[PDB]
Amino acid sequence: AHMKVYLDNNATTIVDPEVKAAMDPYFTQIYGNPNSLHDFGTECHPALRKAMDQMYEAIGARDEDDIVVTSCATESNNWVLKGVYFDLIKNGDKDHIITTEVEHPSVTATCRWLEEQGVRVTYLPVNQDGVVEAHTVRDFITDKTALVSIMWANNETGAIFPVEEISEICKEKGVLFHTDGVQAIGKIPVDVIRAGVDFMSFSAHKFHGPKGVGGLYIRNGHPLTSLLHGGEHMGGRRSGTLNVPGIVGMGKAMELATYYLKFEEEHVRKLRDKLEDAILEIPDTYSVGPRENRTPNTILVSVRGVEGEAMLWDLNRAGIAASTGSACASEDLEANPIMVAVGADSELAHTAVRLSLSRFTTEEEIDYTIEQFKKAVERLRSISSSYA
């Protein structure tokens, strides 16, 4: 750890000092319950209104739409999946869900449990670009499909899904469309009306907000049975005393994320490209997924000499925080060897190194990471008896 460098921003992000400052009053100086009628309780009402406005503005939601504050994206995904199961499957003509193999565990495990409930779930596999196209979803949609849940952008590869076209074919078929959009906020333009989604999950700590607060966008206030029954919080859709610090911080963080989008597309993209080109200069390295369809902050590198986990541990010893992603060998149309995204459960899956930048990444960090990455690849290939 001759220099501490955080390149695991797809797992979580630092709370922006401005977000922390916006949250700070709502612990001990402003602590009343927003549901109380006295001045202590209503004191925090303007802050909650401004935070809700910031959320509506950041994702382009209209006034008729709902944004329900949850505790995390996991709660949002469980809510969408189980509510649609309860409304349209247990109490409708449906019994089928379409999703992908690369979804976050809060989606995949919920879907396996719904399968345990007799729900048909199609886990659509991912293509050589690391996404699922609209025509595939149309090929698998029958008249008994209740919901299509396809993430907006992938957390392992950064691959951006064609959510607008998927929503077009869903609207043609009259099928509800939910997207796990956790990786989208702060990384790509987010307009829930232009994406045409009916449901959208997000999580504040993925864009420099605090942990313990997330959200679910619901188009047109569409009915969806509550996951948390009880008090009339959040228009009666999600009960529990409002996490006032979390809400204020999430609104501020989403506003900042929208502001920094041009900076993330310019400077952060430039630093990501520098790191990726430098790494790809190493022989027998393969970047998973096309850059032209990738979030500007993410790289997923497969090295055929070294294992991914040992690479991660060496990187940590050098003070660099990174993570893993699943990949497998394939070939392009010229038949040149490439590494493509794969579901983690796949026989064919090996471990690749995921490096994810933020708006706080510096070129000094990038140069140091390049040096340490080259050193680690050479160290771990020099011990192998097999690498050619």
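So that there is no doubt, residue numbering starts at 1 and follows the sequence shown.
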In at least a third of the other entries we lined up, does residue 39 end up with no coordinates?
no
Where both flanking residues are modelled in the other PDB entries compared, is residue 335 itself missing in a third or more?
yes
Per the entry, where is the mean C-alpha temperature factor higher: 327 to 335 or 49 to 57?
327 to 335
Can you let me know which of the two, 215 to 223 or 253 to 261, has the higher average C-alpha B-factor in the entry?
215 to 223
Residue selected from 103, 277, 156, 168 by maximal Cα B factor
168
Kindly indicate the residue among 44, 349, 69, 322 with the greatest C-alpha B-factor in the PDB record.
349
Where the record places residue 128 (Cα B-factor, split into thirds across the chain):
highest
Chain thirds by Cα B factor, record data; residue 117 belongs to the highest
Per the entry's values, where does residue 246 land by CA temperature factor relative to the rest of its chain, in the lowest, middle or highest third?
middle
Splitting the chain's C-alpha B-factors into thirds, which one does residue 289 fall into?
middle
Quick check on the deposited entry: does the C-alpha B-factor of residue 344 sit in the lowest, middle or highest third of its chain?
highest
